[PDB]
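Novice: Here it is: the structure, laid out below.
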Amino acid sequence: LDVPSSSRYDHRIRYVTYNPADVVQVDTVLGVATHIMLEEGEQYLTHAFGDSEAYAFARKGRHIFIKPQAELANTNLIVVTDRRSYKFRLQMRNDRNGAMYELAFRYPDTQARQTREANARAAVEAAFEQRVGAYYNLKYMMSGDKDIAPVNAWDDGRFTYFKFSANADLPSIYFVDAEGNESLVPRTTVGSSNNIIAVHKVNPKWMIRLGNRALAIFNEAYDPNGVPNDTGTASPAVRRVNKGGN
Amino acid sequence: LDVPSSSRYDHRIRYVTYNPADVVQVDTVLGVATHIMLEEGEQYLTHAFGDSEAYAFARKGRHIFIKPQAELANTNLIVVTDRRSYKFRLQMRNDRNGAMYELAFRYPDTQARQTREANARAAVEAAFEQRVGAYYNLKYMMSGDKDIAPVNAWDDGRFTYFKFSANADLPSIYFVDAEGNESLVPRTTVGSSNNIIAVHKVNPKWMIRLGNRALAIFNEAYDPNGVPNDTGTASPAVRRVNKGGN
Amino acid sequence: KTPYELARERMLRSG
């Protein structure tokens, strides 16, 4: 018998916290329709009254509308869903006072889940933005058509960044291997004014092409060892964990 | 007569541990619906009442609802399913006290089967990870295009591991036989940062290719015998056993 | 047929 507690504004609206091993007090007065609301996305499977004539039942998804229709309507409603089963003991009140207009359920486990996700998301964003413990390489040299040149190039050990001025078109940047073969490398455009192209690799030689002009960028302090990617993300302060399980 | 054992929160919720050589004493009161829950995945076969008219029966999947529809409705319920057959002694309660809102079953054998398997899986993972008493071979040489070379290479007598630095593209590794022909060998990519390629064979010579570059790896301590695989797994402490029988 | 009696009969009959 989980007798619930009322709201702070109207005693007609009364909240109860679900418990799989206890039943719920509902006091129904004559002429009022009580609303029992399910958790969002929950699918109604089967319901069962004690006296199916005593109470009137209407359902629209997760909104269940109930109503008395006979004297001494003291029965129970057991509505079962895919997730849980609800347990009521409907006792009619004689003097038409202390009605309930809707019942609300509080789910400790769902709240504990969804509150964790928001905090974790805020922490993750803070961790990405913190961006500490980084070493920068600035020993980059270029030779070729200096009219497509970046104003600055550097790498942080994981990505390589090319910074372009505001009046310069953004060119294509290619991956040059040992034999001089160019090949595609994925790039993301970062920066406030989209002036930086971040390629997702550290390499000793790069090739910059725009139209019919070519520029060669050389990494003059190439570190073959690099720094390992133990976390699965672009930063060492955010782990990528396996959610799908399975 | 197994009497349903009442919970701690409410008397209306009573739990019973299944016993094939015993029955269920269900004390039903007038004007309620008793919700009997089967095990998940249990396929209802057939039921049989003492009186088809004394109690009202409606079933949905593994959900059972019954409801008395007559006075002195003392009959029996024998519902039989693919897994077992339940036994109830429906004894009407005359004063309408001490109701039984839902009957929940506990299966001892199923819980034992599920806990034995979980303990076995825990032991299996512990034995896989413990990796005790293995012998490592580090006499590996290389000659060729050193820019695609691993930073380390060894084997434990069953697999060969090539460790690559964080900035190096992971190349393709080919099995080389006596005449110099190459053939595919299966590989698994292991390591915290996915820096290790583990090939599933110990061989004297290997071939590493990436684009138009090639490197040859030479095992200078090839053991023609090795260690036999008596267990069926990659570990000497985890046996692979035949489940399917047949 | 007191209200208790009618309540009991409705209780029994109802599905």
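By convention here, the chains of the structure tokens are called A, B, ... in the order presented, each chain's residues are numbered starting at 1, and ligands are numbered starting at 1 in the order presented.
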Based on DSSP run over this structure's backbone, return all residues of stretch 162-239 of chain B in strand (DSSP E), as a VMD selection string.
Specialist: chain B and resid 162 to 163 172 to 176 182 to 184 187 to 190 196 to 199 205 to 210 213 to 219
Novice: Go through chain A and flag each residue having an atom no more than 6 Å from chain B; for those, report the closest pair of atoms plus their distance in Å to one decimal, using only C-alpha atoms, ordered by chain and rising number, as a tab-separated table.
Specialist:
residue	atom	partner	partner_atom	distance
A:22	CA	B:10	CA	5.5
A:50	CA	B:32	CA	4.1
A:224	CA	B:167	CA	5.8
A:225	CA	B:165	CA	4.9
A:226	CA	B:166	CA	5.1
A:227	CA	B:166	CA	5.9
A:228	CA	B:166	CA	5.2
A:229	CA	B:193	CA	5.1
A:230	CA	B:193	CA	4.7
Novice: Keeping only N, CA, C and O atoms, write those residues as an mmCIF file, in the first residue's frame.
Specialist:
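part.cif, freshly written:
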data_model
loop_
_atom_site.group_PDB
_atom_site.id
_atom_site.type_symbol
_atom_site.label_atom_id
_atom_site.label_comp_id
_atom_site.auth_asym_id
_atom_site.auth_seq_id
_atom_site.Cartn_x
_atom_site.Cartn_y
_atom_site.Cartn_z
ATOM 1 N N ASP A 22 4.992 -3.463 -4.329
ATOM 2 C CA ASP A 22 3.962 -2.840 -3.508
ATOM 3 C C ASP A 22 2.867 -2.292 -4.415
ATOM 4 O O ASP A 22 3.083 -2.054 -5.606
ATOM 5 N N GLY A 50 -10.898 -5.827 -11.319
ATOM 6 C CA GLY A 50 -11.672 -6.761 -10.521
ATOM 7 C C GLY A 50 -13.106 -6.863 -11.008
ATOM 8 O O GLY A 50 -13.567 -7.941 -11.391
ATOM 9 N N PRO A 224 58.692 9.759 -35.647
ATOM 10 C CA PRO A 224 58.027 8.517 -36.064
ATOM 11 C C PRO A 224 57.189 7.899 -34.963
ATOM 12 O O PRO A 224 56.146 7.300 -35.242
ATOM 13 N N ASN A 225 57.611 8.047 -33.709
ATOM 14 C CA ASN A 225 56.954 7.342 -32.617
ATOM 15 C C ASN A 225 55.583 7.926 -32.320
ATOM 16 O O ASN A 225 54.626 7.186 -32.076
ATOM 17 N N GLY A 226 55.469 9.241 -32.316
ATOM 18 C CA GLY A 226 54.188 9.815 -31.995
ATOM 19 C C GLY A 226 53.814 9.538 -30.552
ATOM 20 O O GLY A 226 54.629 9.117 -29.734
ATOM 21 N N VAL A 227 52.544 9.776 -30.246
ATOM 22 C CA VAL A 227 51.979 9.519 -28.930
ATOM 23 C C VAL A 227 50.761 8.622 -29.109
ATOM 24 O O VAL A 227 49.895 8.929 -29.930
ATOM 25 N N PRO A 228 50.675 7.495 -28.407
ATOM 26 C CA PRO A 228 49.618 6.522 -28.689
ATOM 27 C C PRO A 228 48.232 7.015 -28.314
ATOM 28 O O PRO A 228 48.054 7.820 -27.399
ATOM 29 N N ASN A 229 47.240 6.496 -29.033
ATOM 30 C CA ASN A 229 45.842 6.884 -28.874
ATOM 31 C C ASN A 229 45.120 5.833 -28.038
ATOM 32 O O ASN A 229 44.292 5.081 -28.545
ATOM 33 N N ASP A 230 45.397 5.812 -26.738
ATOM 34 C CA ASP A 230 44.801 4.818 -25.860
ATOM 35 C C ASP A 230 43.321 5.047 -25.593
ATOM 36 O O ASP A 230 42.624 4.095 -25.234
#
Novice: Would you write out, as a Markdown table, a table of all residues in chain C that have an atom no more than 8 Å from an atom of chain A, listing for each the closest atom pair and the distance in Å to one decimal, considering only C-alpha atoms and ordering rows by chain and rising residue number?
Specialist:
| residue | atom | partner | partner_atom | distance |
| --- | --- | --- | --- | --- |
| C:3 | CA | A:71 | CA | 7.6 |
| C:4 | CA | A:72 | CA | 7.8 |
| C:7 | CA | A:72 | CA | 6.5 |
| C:10 | CA | A:51 | CA | 7.3 |
| C:11 | CA | A:51 | CA | 5.4 |
| C:12 | CA | A:51 | CA | 8.0 |
| C:14 | CA | A:51 | CA | 5.4 |
| C:15 | CA | A:52 | CA | 5.9 |
Novice: Expressed in Å to a single decimal, how great is the separation between atom CA of residue A:129 and atom CA of residue A:234?
Specialist: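 Going from atom CA of residue A:129 over to atom CA of residue A:234, I get 11.3 Å.
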Novice: Find the residue from A:112, A:85, A:121, A:104 that sits nearest to residue B:36; use only C-alpha atoms when measuring.
Specialist: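 Checking each candidate against residue B:36, we get A:85 as the closest.
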Novice: Quick check for you: according to DSSP on this backbone, which residues of stretch 16-114 of chain A are classed as helix (DSSP H, G or I)? Reply as a list in words.
Specialist: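 Helix (DSSP H, G or I) assignments inside stretch 16-114 of chain A correspond to residues 108, 109, 110, 111, 112, 113 and 114 of chain A.
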Novice: Which residues are close to residue B:144, i.e. within 12 Å by only C-alpha atoms, leaving aside same-chain residues fewer than 5 positions away? Reply as a ChimeraX atom specification.
Specialist: /B:149,206-210,212-218
Novice: What lies within 10 Å of residue B:124 using only C-alpha atoms, ignoring chain neighbours under 3 positions off, as number ranges by chain?
Specialist: B: 118-121, 127-130, 235, 237-239
Novice: Produce a file of the selected residues containing N, CA, C and O atoms, as a PDB file, in the first residue's frame.
Specialist:
ATOM      1  N   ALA B 118      27.749 -17.759 -15.532  1.00  0.00           N
ATOM      2  CA  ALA B 118      28.427 -16.491 -15.290  1.00  0.00           C
ATOM      3  C   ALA B 118      29.752 -16.702 -14.570  1.00  0.00           C
ATOM      4  O   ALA B 118      30.755 -16.058 -14.895  1.00  0.00           O
ATOM      5  N   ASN B 119      29.776 -17.603 -13.587  1.00  0.00           N
ATOM      6  CA  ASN B 119      31.026 -17.899 -12.897  1.00  0.00           C
ATOM      7  C   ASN B 119      32.038 -18.530 -13.843  1.00  0.00           C
ATOM      8  O   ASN B 119      33.239 -18.236 -13.773  1.00  0.00           O
ATOM      9  N   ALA B 120      31.570 -19.399 -14.741  1.00  0.00           N
ATOM     10  CA  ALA B 120      32.458 -19.987 -15.735  1.00  0.00           C
ATOM     11  C   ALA B 120      33.036 -18.925 -16.654  1.00  0.00           C
ATOM     12  O   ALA B 120      34.223 -18.966 -16.983  1.00  0.00           O
ATOM     13  N   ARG B 121      32.215 -17.969 -17.089  1.00  0.00           N
ATOM     14  CA  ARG B 121      32.725 -16.907 -17.951  1.00  0.00           C
ATOM     15  C   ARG B 121      33.745 -16.051 -17.220  1.00  0.00           C
ATOM     16  O   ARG B 121      34.758 -15.644 -17.802  1.00  0.00           O
ATOM     17  N   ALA B 127      41.434 -16.557 -16.772  1.00  0.00           N
ATOM     18  CA  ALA B 127      42.464 -17.456 -17.281  1.00  0.00           C
ATOM     19  C   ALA B 127      43.047 -16.960 -18.597  1.00  0.00           C
ATOM     20  O   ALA B 127      44.237 -17.150 -18.864  1.00  0.00           O
ATOM     21  N   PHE B 128      42.225 -16.348 -19.446  1.00  0.00           N
ATOM     22  CA  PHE B 128      42.749 -15.779 -20.680  1.00  0.00           C
ATOM     23  C   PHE B 128      43.724 -14.655 -20.382  1.00  0.00           C
ATOM     24  O   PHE B 128      44.771 -14.537 -21.024  1.00  0.00           O
ATOM     25  N   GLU B 129      43.394 -13.812 -19.404  1.00  0.00           N
ATOM     26  CA  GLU B 129      44.215 -12.634 -19.164  1.00  0.00           C
ATOM     27  C   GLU B 129      45.445 -12.957 -18.329  1.00  0.00           C
ATOM     28  O   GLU B 129      46.460 -12.261 -18.433  1.00  0.00           O
ATOM     29  N   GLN B 130      45.390 -14.001 -17.499  1.00  0.00           N
ATOM     30  CA  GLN B 130      46.519 -14.259 -16.610  1.00  0.00           C
ATOM     31  C   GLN B 130      47.793 -14.547 -17.398  1.00  0.00           C
ATOM     32  O   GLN B 130      48.867 -14.048 -17.045  1.00  0.00           O
ATOM     33  N   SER B 235      44.986 -20.219 -25.199  1.00  0.00           N
ATOM     34  CA  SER B 235      45.589 -20.240 -23.889  1.00  0.00           C
ATOM     35  C   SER B 235      45.696 -21.669 -23.382  1.00  0.00           C
ATOM     36  O   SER B 235      44.799 -22.477 -23.626  1.00  0.00           O
ATOM     37  N   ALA B 237      45.248 -22.583 -20.447  1.00  0.00           N
ATOM     38  CA  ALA B 237      44.429 -22.687 -19.253  1.00  0.00           C
ATOM     39  C   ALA B 237      42.947 -22.537 -19.530  1.00  0.00           C
ATOM     40  O   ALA B 237      42.181 -22.324 -18.590  1.00  0.00           O
ATOM     41  N   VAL B 238      42.520 -22.616 -20.785  1.00  0.00           N
ATOM     42  CA  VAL B 238      41.111 -22.532 -21.145  1.00  0.00           C
ATOM     43  C   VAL B 238      40.816 -23.620 -22.161  1.00  0.00           C
ATOM     44  O   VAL B 238      41.250 -23.528 -23.312  1.00  0.00           O
ATOM     45  N   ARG B 239      40.074 -24.635 -21.745  1.00  0.00           N
ATOM     46  CA  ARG B 239      39.688 -25.722 -22.628  1.00  0.00           C
ATOM     47  C   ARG B 239      38.477 -25.347 -23.465  1.00  0.00           C
ATOM     48  O   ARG B 239      37.577 -24.647 -23.010  1.00  0.00           O
TER      49      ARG B 239
END
Novice: Would you mind reading off the distance between atom CA of residue A:93 and atom CA of residue A:28, one decimal, in Å?
Specialist: 5.9 Å
Novice: Please indicate the distance in Å from atom CA of residue B:236 to atom CA of residue B:220, rounded to one decimal place.
Specialist: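 Computing it gives 25.3 Å between the two atoms.
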